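All remarks here apply to the structure that follows.
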Amino acid sequence: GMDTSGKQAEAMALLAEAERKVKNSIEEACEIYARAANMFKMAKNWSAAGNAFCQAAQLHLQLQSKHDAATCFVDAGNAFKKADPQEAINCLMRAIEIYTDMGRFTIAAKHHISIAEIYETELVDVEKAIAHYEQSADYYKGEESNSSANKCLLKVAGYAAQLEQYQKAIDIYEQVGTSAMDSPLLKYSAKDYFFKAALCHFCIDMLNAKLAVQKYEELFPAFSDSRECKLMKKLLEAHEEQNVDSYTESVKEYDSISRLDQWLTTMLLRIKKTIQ
Amino acid sequence: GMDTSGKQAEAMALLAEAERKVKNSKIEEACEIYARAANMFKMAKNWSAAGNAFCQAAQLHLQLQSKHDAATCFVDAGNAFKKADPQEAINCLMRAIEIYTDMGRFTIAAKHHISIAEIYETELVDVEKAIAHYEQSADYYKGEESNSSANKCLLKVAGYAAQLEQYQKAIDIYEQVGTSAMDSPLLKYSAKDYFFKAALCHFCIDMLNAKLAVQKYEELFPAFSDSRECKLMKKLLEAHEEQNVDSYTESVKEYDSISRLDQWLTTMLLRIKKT
Amino acid sequence: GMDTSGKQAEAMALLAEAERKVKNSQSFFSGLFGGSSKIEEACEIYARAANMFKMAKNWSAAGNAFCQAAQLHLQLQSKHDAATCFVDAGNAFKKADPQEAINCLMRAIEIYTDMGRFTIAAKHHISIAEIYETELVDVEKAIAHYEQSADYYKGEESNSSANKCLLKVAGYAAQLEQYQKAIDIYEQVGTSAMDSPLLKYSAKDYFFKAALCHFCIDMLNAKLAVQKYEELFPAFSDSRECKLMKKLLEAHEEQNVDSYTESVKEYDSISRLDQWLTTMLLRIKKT
Amino acid sequence: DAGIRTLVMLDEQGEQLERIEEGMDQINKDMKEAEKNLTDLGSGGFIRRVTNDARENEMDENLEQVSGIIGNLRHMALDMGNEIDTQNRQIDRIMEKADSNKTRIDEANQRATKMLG
Amino acid sequence: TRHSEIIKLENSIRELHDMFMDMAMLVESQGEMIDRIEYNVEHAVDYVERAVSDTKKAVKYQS
Amino acid sequence: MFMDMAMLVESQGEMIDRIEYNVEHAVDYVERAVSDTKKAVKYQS
């Protein structure tokens with residue numbers, strides 16, 4: 001349709017006009033660049049719109065402007081998000097650096113979360129996602145935003161248990177559960193976290209899991225009443241006899257009563273495989 | 001009624017005096033006084049005349065050096081004409097949308113696109129015309145990363161296409177939205193429904209491939225098995241395998257006993273069952 | 001990692017440069033009367049030093065820089081930025097040194113209330129009460145701060161926020177074995193909350209607590225208070241609370257400790273009990 | 001308990017939202033006045049009884065209780081929903097205002113720089 | 001009697017379900033919307049402060 | 001689902017509180033600037 005060709009031609013004309021204006025040597029050039037990038041965005045030419053945005057941001061930063069420069073850098077980053085993830089990462093890193101320089105820690109943490117998200121979803125990398133999530137959690141905890149920090153720590157612990165050693169998962173789950181028990185609204189969920197921790201201990205050895213569950217049961221009396229406690233006690237007893245059939249029966253019955261996360265399935269499969 | 005006549009007379013007099021004042025620097029005062037006269041007409045509640053005066057004042061403001069005021073007056077005139085000739089309101093709101101897009105405010109442009117699509121579909125019978133506006137708004141929202149609004153627009157357009165018998169677009173949109181919702185930690189509970197709907201549309205094409213489609217949905221989403229929708233649809237397909245009308249009628253009556261079926265679902269069910 | 005050493009070294013260098021700048025500022029002013037450009041620039045360096053120290057996890061240095069900047073900008077008659085930096089100290093020293101954060105927040109509160117900005121003063125008072133409560137068991141200061149914040153909020157006509165402060169004050173006072181204040185606050189809030197559409201559902205709970213807080217005084221007045229509450233809020237009868245109180249009263253009327261304990265155990269089994277309720281029940285059982 | 005906490009804290013959120021709306025309106029009015037002045041400067045059972053027995057009683061009674069509680073939830077939940085809707089509208093209504101406010105200062109500042117030279 | 005009571009219970013459960021989904025989706029939309037306003041107002045306040053500071057410095061330079 | 005709704009609502013509430021603080025700061029500064037402008041215009045005239 002007319003949109004593609006017309007907007008592309010107008011964008012090229014505006015880019016040439018801004019280039020000529022700077023060739024005379026200034027805010028007018030930045031305005032022309034911003035308008036041309038906007039029309040590029042309308043034209044669906046996702047690529048090369050971030051290029052114009054970056055050029056405008058650099059030109060504006062040339063005259064000591066930092067706020068609008070950071071906003072346009074973030075704009076170019078999100079524009080490149082779909083067209084080119086790597087340059088989106090770079091633009092977001094620049095914006096994070098500047099925002100941290102002015103000390104707007106919430107914006108930096110949000111951008112770190114976005115960076116971790118793009119890294120984990122499109123590209124394949126867990127360590128970078130873990131580091132970015134940890135940085136965002138540290139920023140938020142410094143800003144005492146407890147819920148976001150808890151979410152980030154839970155995600156990091158989940159990934160660490162998924163691939164990394166279980167000590168990080170043990171620590172994070174224990175800390176989060178301990179913080180959660182006292183909370184009036186959140187107390188009900190606390191059990192969950194504790195349960196997860198216990199399972200990770202089982203991956204190391206049965207005796208470590210036994211001592212950990214004993215300590216948790218002592219610490220949290222309600223945990224004794226949890227169906228989870230009964231399930232782990234039964235599973236540990238079955239494992240202690242090298243009897244796989246009881247293991248399978250208990251797992252199947254528990255799944256029948258309630259569906260599985262597919263994380264518990266993975267951990268239980270790992271534990272069963274090592275029963276020998 | 002006395003009130004209508006009094007307000008009409010007062011607004012007529014105010015607009016006449018405004019015209020005299022403008023006819024007598026002067027552009028700003030003329031625009032302001034015309035705005036006051038159009039507001040008094042709005043209180044007089046003569047929708048056609050009030051909207052006409054508002055749009056004339058908007059054009060005069062366009063004559064004045066300002067854009068935001070121009071767009072605001074345009075949207076106000078479109079709202080006033082909402083209860084008048086749809087073409088004039090559509091044109092004014094389209095100009096306002098263009099003016100807003102030119103500034104880069106895509107969110108308000110998409111909102112206005114949705115509004116004009118709504119008036120187009122509710123007032124006139126043209127549905128395909130509203131499809132274009134809905135798709136444009138959905139594209140704008142997706143570009144701005146507003147997933148909820150894009151999902152709403154996609155659902156509406158997919159439902160309209162399914163009603164229009166373009167089952168391919170409906171099935172594609174339904175499957176995409178269902179899988180996207182399934183991925184999200186929240187809204188997952190609703191995902192099942194989308195899948196179910198798709199099956200019905202897919203049944204319009206044939207019955208044999210419906211079995212494969214339901215099996216694919218089952219393996220992709222095991223929880224869908226426990227949903228009453230899966231049981232109902234498999235029972236309906238099995239009953240349809242034999243040319244007996246009573247079986248599916250009883251099944252649908254049993255399902256309806258719990259919850260009333262919507263008009264779209266009932267129409268689709270009647271279409272499938274009658275043939 | 002590199003962060004600690006690098007940030008520390010750069011922050012020390014920048015802070016020393018700022019100290020030299022402020023030292024030379026007096027000479028510049030005496031010889032040329034440069035104005036406040038040097039002082040403003042020094043304050044900028046100091047604020048940057050504080051923020052970098054915060055990034056470097058060195059909270060004490062950041063707090064010291066914030067306090068210095070507060071003092072310097074207060075010396076420039078800018079009480080608003082001085083109060084902002086006082087609150088910066090209050091939130092930076094909060095973890096490094098709670099006591100310093102206390103006086104910083106008092107200074108900020110005084111500055112703010114000087115202009116009548118009561119909401120910010122009430123928020124700071126609430127923060128200070130929280131600081132007192134979380135670390136120290138000096139309940140009395142927490143009660144005083146909460147009462148002051150509640151009075152400020154009431155003076156601002158912002159209801160539903162002074163209410164929570166009054167509930168906290170009453171709950172803490174009830175722990176000190178002074179029951180009249182707790183009874184009065186609980187009954188007042190309950191009677192206020194009956195009429196609210198949204199809060200109505202919760203109102204019953206308050207009455208329960210009051211009656212329990214009225215139980216330690218003596219059995220007879222608790223019975224009569226139960227009658228008074230029930231006649232005013234008939235729906236209260238439906239709640240399990242009335243049944244539990246009636247059963248406990250019947251058990252205690254004949255010194256039947258076993259029945260009382262069994263009923264308490266059953267109720268806890270159905271729904272886990274709170275530490276406050278557990279303590280109150282244990283105190284009542286002593287009789 | 002979760003339902004009740006949600007209701008009360010939603011009420012608090014609504015109060016805060018109204019407060020911010022009032023503050024924003026005040027800001028807009030003050031800004032306009034200042035700009036103009038500066039310009040001028042120039043049910044019988046639930047379980048069938050196959051064998052009766054005490055076991056069949058408590059079961060049924062539990063169900064009874066369950067049903068009652070569910071009833072309450074309905075009304076409870078319904079009420080909560082209403083609140084959210086109102087908030088939605090009010091929230092929207094602030095953006096426009098605030099946005100306009102911002103725009104004003106921009107042009108105002110631009111004008112403040114264009115009259116000088 | 002069994003059918004009536006059981007179906008009534010199931011219908012009530014379904015009603016609660018549907019309305020909870022609707023309200024939670026509305027809450028999500030509201031959350032995004034509030035996220036937007038925060039940054040909008042922050043930028044507005046920062047820019048007005050910057051502009052007024054420029055005004056003070058300029059007027060004091062001229063006087 | 002009830003437990004799931006709770007924390008969303010709580011987060012919304014705290015975030016509203018932050019916005020409210022920002023708005024109070026903005027309005028206070030606006031009032032102070034208005035007072036300064038009044039002083040300047042009255043005394044210079």
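Chain labels run A, B, ... following the order of the structure tokens; each chain numbers its residues from 1, and ligands are numbered from 1 in the order shown.
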- Tell me, as a PyMOL selection string, which residues lie within 9 Å of residue F:6, counting only C-alpha atoms; anything in the same chain fewer than 4 positions away does not count. (chain A and resi 185) or (chain D and resi 2-3+5-6) or (chain F and resi 1-2+10-11)
Go ahead and write the residues just picked, N, CA, C and O atoms, as a tab-separated table (two decimals), in the first residue's frame.
```
chain	number	residue	atom	x	y	z
A	185	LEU	N	-0.82	-12.67	56.04
A	185	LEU	CA	-1.49	-13.02	54.78
A	185	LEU	C	-0.77	-14.16	54.07
A	185	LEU	O	-1.42	-15.03	53.48
D	2	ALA	N	-8.40	-14.12	53.46
D	2	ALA	CA	-7.82	-13.46	52.30
D	2	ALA	C	-8.84	-12.55	51.64
D	2	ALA	O	-8.52	-11.41	51.26
D	3	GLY	N	-10.09	-13.02	51.50
D	3	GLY	CA	-11.11	-12.15	50.93
D	3	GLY	C	-11.27	-10.85	51.71
D	3	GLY	O	-11.31	-9.76	51.13
D	5	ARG	N	-9.19	-9.33	53.82
D	5	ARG	CA	-8.02	-8.46	53.70
D	5	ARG	C	-8.03	-7.73	52.37
D	5	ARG	O	-7.76	-6.52	52.31
D	6	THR	N	-8.36	-8.45	51.29
D	6	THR	CA	-8.45	-7.81	49.99
D	6	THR	C	-9.45	-6.66	50.01
D	6	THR	O	-9.17	-5.57	49.51
F	1	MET	N	-6.95	-19.50	43.58
F	1	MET	CA	-7.14	-18.21	42.91
F	1	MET	C	-7.26	-17.06	43.90
F	1	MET	O	-6.79	-15.95	43.62
F	2	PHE	N	-7.90	-17.28	45.05
F	2	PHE	CA	-7.96	-16.20	46.04
F	2	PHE	C	-6.56	-15.81	46.51
F	2	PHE	O	-6.17	-14.62	46.49
F	10	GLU	N	-1.95	-6.23	46.68
F	10	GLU	CA	-1.02	-5.58	47.61
F	10	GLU	C	0.03	-4.75	46.87
F	10	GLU	O	0.35	-3.62	47.27
F	11	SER	N	0.59	-5.32	45.80
F	11	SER	CA	1.58	-4.59	45.01
F	11	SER	C	0.98	-3.31	44.45
F	11	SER	O	1.61	-2.24	44.50
```
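Excluding stretch 51-61 of chain E itself and any same-chain residue fewer than 4 positions from it, the protein and nucleic acid residues within 9 Å of it, counting only C-alpha atoms, are residues 105, 106, 109 and 112 of chain D; 46 and 47 of chain E; 33 of chain F.
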Since we have the selection now, will you write its residues out, keeping N, CA, C and O atoms, as a PDB file, in the first residue's frame?
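Final output, saved to part-v6.pdb:
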```
ATOM      1  N   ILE D 105       3.514  22.847  30.607  1.00  0.00           N
ATOM      2  CA  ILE D 105       4.790  23.410  31.037  1.00  0.00           C
ATOM      3  C   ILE D 105       5.747  23.440  29.860  1.00  0.00           C
ATOM      4  O   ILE D 105       6.373  24.471  29.576  1.00  0.00           O
ATOM      5  N   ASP D 106       5.807  22.343  29.100  1.00  0.00           N
ATOM      6  CA  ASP D 106       6.694  22.303  27.947  1.00  0.00           C
ATOM      7  C   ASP D 106       6.494  23.545  27.093  1.00  0.00           C
ATOM      8  O   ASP D 106       7.385  24.400  26.996  1.00  0.00           O
ATOM      9  N   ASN D 109       7.399  26.679  28.905  1.00  0.00           N
ATOM     10  CA  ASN D 109       8.840  26.885  28.948  1.00  0.00           C
ATOM     11  C   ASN D 109       9.351  27.321  27.585  1.00  0.00           C
ATOM     12  O   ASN D 109      10.125  28.281  27.481  1.00  0.00           O
ATOM     13  N   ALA D 112       8.588  30.776  27.258  1.00  0.00           N
ATOM     14  CA  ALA D 112       9.467  31.534  28.138  1.00  0.00           C
ATOM     15  C   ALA D 112      10.852  31.713  27.536  1.00  0.00           C
ATOM     16  O   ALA D 112      11.577  32.631  27.935  1.00  0.00           O
TER      17      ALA D 112
ATOM     18  N   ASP E  46      10.275  16.175  37.260  1.00  0.00           N
ATOM     19  CA  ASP E  46      11.684  16.453  36.995  1.00  0.00           C
ATOM     20  C   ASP E  46      11.834  17.597  36.000  1.00  0.00           C
ATOM     21  O   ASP E  46      12.642  18.517  36.204  1.00  0.00           O
ATOM     22  N   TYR E  47      11.053  17.568  34.916  1.00  0.00           N
ATOM     23  CA  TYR E  47      11.203  18.591  33.888  1.00  0.00           C
ATOM     24  C   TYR E  47      10.765  19.959  34.394  1.00  0.00           C
ATOM     25  O   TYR E  47      11.399  20.972  34.073  1.00  0.00           O
TER      26      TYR E  47
ATOM     27  N   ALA F  33       6.705  27.783  44.171  1.00  0.00           N
ATOM     28  CA  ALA F  33       7.036  28.566  42.985  1.00  0.00           C
ATOM     29  C   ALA F  33       6.004  29.660  42.745  1.00  0.00           C
ATOM     30  O   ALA F  33       6.353  30.777  42.343  1.00  0.00           O
TER      31      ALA F  33
END
```
Specify as a JSON list (two decimals) with N, CA and C atoms, in the first residue's frame all residues of chain C found within 8 Å of chain D, counting only C-alpha atoms.
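Result file part-v9.json:
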```json
[["chain", "number", "residue", "atom", "x", "y", "z"],
["C", 160, "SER", "N", -9.48, 5.68, 57.80],
["C", 160, "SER", "CA", -9.04, 4.35, 57.41],
["C", 160, "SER", "C", -7.52, 4.21, 57.54],
["C", 161, "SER", "N", -6.79, 5.28, 57.85],
["C", 161, "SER", "CA", -5.37, 5.22, 58.14],
["C", 161, "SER", "C", -5.07, 5.47, 59.61],
["C", 198, "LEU", "N", -18.05, -2.14, 52.81],
["C", 198, "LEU", "CA", -16.95, -3.07, 52.58],
["C", 198, "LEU", "C", -16.40, -3.61, 53.90],
["C", 199, "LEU", "N", -16.24, -2.75, 54.91],
["C", 199, "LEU", "CA", -15.62, -3.16, 56.16],
["C", 199, "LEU", "C", -16.57, -3.95, 57.07],
["C", 201, "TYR", "N", -17.99, -6.78, 56.93],
["C", 201, "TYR", "CA", -17.66, -8.18, 57.11],
["C", 201, "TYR", "C", -16.61, -8.37, 58.20],
["C", 202, "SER", "N", -15.67, -7.43, 58.31],
["C", 202, "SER", "CA", -14.61, -7.56, 59.30],
["C", 202, "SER", "C", -15.03, -7.11, 60.69]]
```
Per residue of chain F within 12 Å of chain A, record the nearest atom pair and its distance in Å to one decimal, counting only C-alpha atoms, with rows in chain order and ascending residue number, as a Markdown table.
```
| residue | atom | partner | partner_atom | distance |
| --- | --- | --- | --- | --- |
| F:2 | CA | A:185 | CA | 11.3 |
| F:3 | CA | A:186 | CA | 8.5 |
| F:4 | CA | A:189 | CA | 10.6 |
| F:5 | CA | A:185 | CA | 11.7 |
| F:6 | CA | A:185 | CA | 8.3 |
| F:7 | CA | A:147 | CA | 8.4 |
| F:8 | CA | A:147 | CA | 10.0 |
| F:9 | CA | A:147 | CA | 11.8 |
| F:10 | CA | A:147 | CA | 9.3 |
| F:11 | CA | A:147 | CA | 7.6 |
| F:12 | CA | A:147 | CA | 11.3 |
| F:14 | CA | A:145 | CA | 9.2 |
| F:15 | CA | A:145 | CA | 10.0 |
| F:18 | CA | A:145 | CA | 11.2 |
```
Residues from last step as file, C-alpha atoms, as an mmCIF file, in the first residue's frame:
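Written file, result-v7.cif:
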```cif
data_model
loop_
_atom_site.group_PDB
_atom_site.id
_atom_site.type_symbol
_atom_site.label_atom_id
_atom_site.label_comp_id
_atom_site.auth_asym_id
_atom_site.auth_seq_id
_atom_site.Cartn_x
_atom_site.Cartn_y
_atom_site.Cartn_z
ATOM 1 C CA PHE F 2 -7.960 -16.202 46.042
ATOM 2 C CA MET F 3 -4.388 -16.518 47.288
ATOM 3 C CA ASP F 4 -3.235 -15.583 43.780
ATOM 4 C CA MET F 5 -5.303 -12.378 43.697
ATOM 5 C CA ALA F 6 -3.994 -11.182 47.066
ATOM 6 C CA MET F 7 -0.408 -10.227 46.188
ATOM 7 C CA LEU F 8 -1.342 -8.475 42.946
ATOM 8 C CA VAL F 9 -3.668 -6.259 44.941
ATOM 9 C CA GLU F 10 -1.024 -5.575 47.612
ATOM 10 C CA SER F 11 1.580 -4.590 45.013
ATOM 11 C CA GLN F 12 -0.897 -2.209 43.398
ATOM 12 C CA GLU F 14 2.125 0.027 47.642
ATOM 13 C CA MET F 15 2.795 1.393 44.157
ATOM 14 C CA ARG F 18 4.701 5.781 46.038
#
```
Please identify every residue of chain C that has at least one atom no farther than 12 Å from an atom of chain F, counting only C-alpha atoms, and for each give the shortest atom pair and the distance in Å to one decimal, arranged by chain then increasing number, as JSON lines.
```
{"residue": "C:80", "atom": "CA", "partner": "F:29", "partner_atom": "CA", "distance": 9.6}
{"residue": "C:81", "atom": "CA", "partner": "F:29", "partner_atom": "CA", "distance": 11.5}
{"residue": "C:84", "atom": "CA", "partner": "F:25", "partner_atom": "CA", "distance": 10.7}
{"residue": "C:112", "atom": "CA", "partner": "F:28", "partner_atom": "CA", "distance": 11.2}
{"residue": "C:115", "atom": "CA", "partner": "F:28", "partner_atom": "CA", "distance": 10.2}
{"residue": "C:116", "atom": "CA", "partner": "F:28", "partner_atom": "CA", "distance": 11.1}
{"residue": "C:117", "atom": "CA", "partner": "F:28", "partner_atom": "CA", "distance": 9.0}
{"residue": "C:118", "atom": "CA", "partner": "F:24", "partner_atom": "CA", "distance": 11.2}
{"residue": "C:119", "atom": "CA", "partner": "F:24", "partner_atom": "CA", "distance": 9.2}
{"residue": "C:120", "atom": "CA", "partner": "F:21", "partner_atom": "CA", "distance": 8.4}
{"residue": "C:123", "atom": "CA", "partner": "F:21", "partner_atom": "CA", "distance": 10.1}
```
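Our summary of the geometry notes that atom CA of residue B:143 is positioned 11.9 Å from atom CA of residue A:45.
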- Query: Quick one: DSSP alpha helix (DSSP H) residues in stretch 29-249 of chain B, as a PyMOL selection string?
  - Reply: chain B and resi 29-44+47-63+68-81+86-102+106-123+127-143+147-163+167-183+188-205+208-220+228-241+245-249
- Message: Within 9 Å of chain A, which residues belong to chain C? Use only C-alpha atoms and report them as a VMD selection string.
- Response: chain C and resid 48 51 to 52 54 to 55 272
Go through chain D residue by residue and, counting only C-alpha atoms, keep those with an atom at most 8 Å from chain E; for each kept residue give the shortest atom pair and its distance in Å to one decimal, ordered by chain and increasing number, as a Markdown table.
```
| residue | atom | partner | partner_atom | distance |
| --- | --- | --- | --- | --- |
| D:43 | CA | E:5 | CA | 7.5 |
| D:44 | CA | E:1 | CA | 7.9 |
| D:45 | CA | E:2 | CA | 7.8 |
| D:46 | CA | E:2 | CA | 6.1 |
| D:47 | CA | E:2 | CA | 7.8 |
| D:67 | CA | E:9 | CA | 6.9 |
| D:70 | CA | E:12 | CA | 7.6 |
| D:71 | CA | E:12 | CA | 7.7 |
| D:74 | CA | E:16 | CA | 6.3 |
| D:77 | CA | E:16 | CA | 7.3 |
| D:78 | CA | E:19 | CA | 7.7 |
| D:81 | CA | E:23 | CA | 6.0 |
| D:84 | CA | E:27 | CA | 7.4 |
| D:85 | CA | E:26 | CA | 8.0 |
| D:88 | CA | E:30 | CA | 6.4 |
| D:91 | CA | E:34 | CA | 7.6 |
| D:92 | CA | E:33 | CA | 7.9 |
| D:95 | CA | E:37 | CA | 6.5 |
| D:98 | CA | E:41 | CA | 7.1 |
| D:99 | CA | E:40 | CA | 7.6 |
| D:102 | CA | E:44 | CA | 5.5 |
| D:105 | CA | E:48 | CA | 6.8 |
| D:109 | CA | E:51 | CA | 6.7 |
```
Suppose we keep N, CA, C and O atoms; can you now write the selection as an mmCIF file, in the first residue's frame?
```
data_model
loop_
_atom_site.group_PDB
_atom_site.id
_atom_site.type_symbol
_atom_site.label_atom_id
_atom_site.label_comp_id
_atom_site.auth_asym_id
_atom_site.auth_seq_id
_atom_site.Cartn_x
_atom_site.Cartn_y
_atom_site.Cartn_z
ATOM 1 N N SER D 43 -30.521 -29.305 53.346
ATOM 2 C CA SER D 43 -31.839 -29.432 52.735
ATOM 3 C C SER D 43 -32.322 -30.877 52.787
ATOM 4 O O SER D 43 -32.565 -31.499 51.753
ATOM 5 N N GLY D 44 -32.453 -31.410 54.001
ATOM 6 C CA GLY D 44 -32.913 -32.762 54.207
ATOM 7 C C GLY D 44 -31.832 -33.819 54.132
ATOM 8 O O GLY D 44 -32.085 -34.971 54.505
ATOM 9 N N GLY D 45 -30.647 -33.468 53.664
ATOM 10 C CA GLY D 45 -29.553 -34.415 53.575
ATOM 11 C C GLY D 45 -28.771 -34.217 52.295
ATOM 12 O O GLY D 45 -29.202 -33.537 51.366
ATOM 13 N N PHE D 46 -27.591 -34.836 52.264
ATOM 14 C CA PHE D 46 -26.710 -34.769 51.105
ATOM 15 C C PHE D 46 -26.160 -36.116 50.667
ATOM 16 O O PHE D 46 -25.724 -36.231 49.516
ATOM 17 N N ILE D 47 -26.169 -37.131 51.526
ATOM 18 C CA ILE D 47 -25.617 -38.443 51.215
ATOM 19 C C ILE D 47 -26.706 -39.482 51.428
ATOM 20 O O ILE D 47 -27.382 -39.476 52.463
ATOM 21 N N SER D 67 -21.635 -25.597 52.243
ATOM 22 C CA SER D 67 -22.580 -24.860 51.416
ATOM 23 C C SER D 67 -22.787 -23.459 51.967
ATOM 24 O O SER D 67 -22.617 -22.463 51.251
ATOM 25 N N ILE D 70 -19.982 -21.112 51.262
ATOM 26 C CA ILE D 70 -19.928 -20.757 49.848
ATOM 27 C C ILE D 70 -20.889 -19.612 49.577
ATOM 28 O O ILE D 70 -20.530 -18.609 48.945
ATOM 29 N N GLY D 71 -22.111 -19.724 50.096
ATOM 30 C CA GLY D 71 -23.083 -18.664 49.942
ATOM 31 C C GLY D 71 -22.459 -17.326 50.265
ATOM 32 O O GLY D 71 -22.403 -16.433 49.411
ATOM 33 N N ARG D 74 -20.028 -15.838 47.749
ATOM 34 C CA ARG D 74 -20.671 -15.245 46.585
ATOM 35 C C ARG D 74 -20.871 -13.761 46.832
ATOM 36 O O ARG D 74 -20.176 -12.930 46.230
ATOM 37 N N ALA D 77 -17.596 -11.883 47.379
ATOM 38 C CA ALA D 77 -16.795 -11.687 46.182
ATOM 39 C C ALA D 77 -17.446 -10.655 45.280
ATOM 40 O O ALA D 77 -16.798 -9.700 44.834
ATOM 41 N N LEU D 78 -18.752 -10.804 45.044
ATOM 42 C CA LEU D 78 -19.431 -9.887 44.142
ATOM 43 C C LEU D 78 -19.144 -8.454 44.552
ATOM 44 O O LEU D 78 -18.679 -7.641 43.742
ATOM 45 N N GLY D 81 -15.785 -6.991 43.518
ATOM 46 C CA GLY D 81 -15.643 -6.680 42.106
ATOM 47 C C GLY D 81 -16.073 -5.264 41.794
ATOM 48 O O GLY D 81 -15.353 -4.512 41.128
ATOM 49 N N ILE D 84 -13.499 -2.378 42.050
ATOM 50 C CA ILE D 84 -12.424 -2.278 41.070
ATOM 51 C C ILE D 84 -12.889 -1.461 39.878
ATOM 52 O O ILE D 84 -12.192 -0.541 39.426
ATOM 53 N N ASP D 85 -14.101 -1.737 39.392
ATOM 54 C CA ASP D 85 -14.569 -1.050 38.195
ATOM 55 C C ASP D 85 -14.443 0.455 38.370
ATOM 56 O O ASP D 85 -13.792 1.134 37.565
ATOM 57 N N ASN D 88 -10.941 1.760 38.106
ATOM 58 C CA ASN D 88 -10.493 1.791 36.721
ATOM 59 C C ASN D 88 -10.761 3.162 36.121
ATOM 60 O O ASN D 88 -9.829 3.904 35.782
ATOM 61 N N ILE D 91 -8.794 6.032 37.586
ATOM 62 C CA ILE D 91 -7.390 5.985 37.198
ATOM 63 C C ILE D 91 -7.219 6.587 35.813
ATOM 64 O O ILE D 91 -6.401 7.493 35.605
ATOM 65 N N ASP D 92 -8.021 6.124 34.850
ATOM 66 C CA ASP D 92 -7.940 6.694 33.512
ATOM 67 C C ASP D 92 -8.033 8.206 33.584
ATOM 68 O O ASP D 92 -7.180 8.926 33.044
ATOM 69 N N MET D 95 -4.715 10.272 34.011
ATOM 70 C CA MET D 95 -3.695 10.366 32.967
ATOM 71 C C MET D 95 -3.876 11.617 32.129
ATOM 72 O O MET D 95 -3.012 12.503 32.125
ATOM 73 N N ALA D 98 -3.064 14.790 33.960
ATOM 74 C CA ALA D 98 -1.625 14.875 34.162
ATOM 75 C C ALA D 98 -0.919 15.142 32.843
ATOM 76 O O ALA D 98 -0.122 16.082 32.729
ATOM 77 N N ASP D 99 -1.246 14.356 31.815
ATOM 78 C CA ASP D 99 -0.593 14.540 30.527
ATOM 79 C C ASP D 99 -0.717 15.988 30.079
ATOM 80 O O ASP D 99 0.289 16.659 29.811
ATOM 81 N N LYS D 102 1.617 18.252 31.926
ATOM 82 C CA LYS D 102 2.984 18.189 31.428
ATOM 83 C C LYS D 102 3.111 19.005 30.152
ATOM 84 O O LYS D 102 3.925 19.934 30.071
ATOM 85 N N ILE D 105 3.514 22.847 30.607
ATOM 86 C CA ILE D 105 4.790 23.410 31.037
ATOM 87 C C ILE D 105 5.747 23.440 29.860
ATOM 88 O O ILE D 105 6.373 24.471 29.576
ATOM 89 N N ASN D 109 7.399 26.679 28.905
ATOM 90 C CA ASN D 109 8.840 26.885 28.948
ATOM 91 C C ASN D 109 9.351 27.321 27.585
ATOM 92 O O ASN D 109 10.125 28.281 27.481
#
```
- Message: At a cut-off of 12 Å, which residues of chain A touch chain E? Count only C-alpha atoms and give the answer as a ChimeraX atom specification.
- Response: /A:65-68,70-71,104,106-107,110
- Counting only C-alpha atoms, collect the residues of chain B whose closest atom lies at most 12 Å from chain F, and write them out as number ranges by chain. B: 185-189
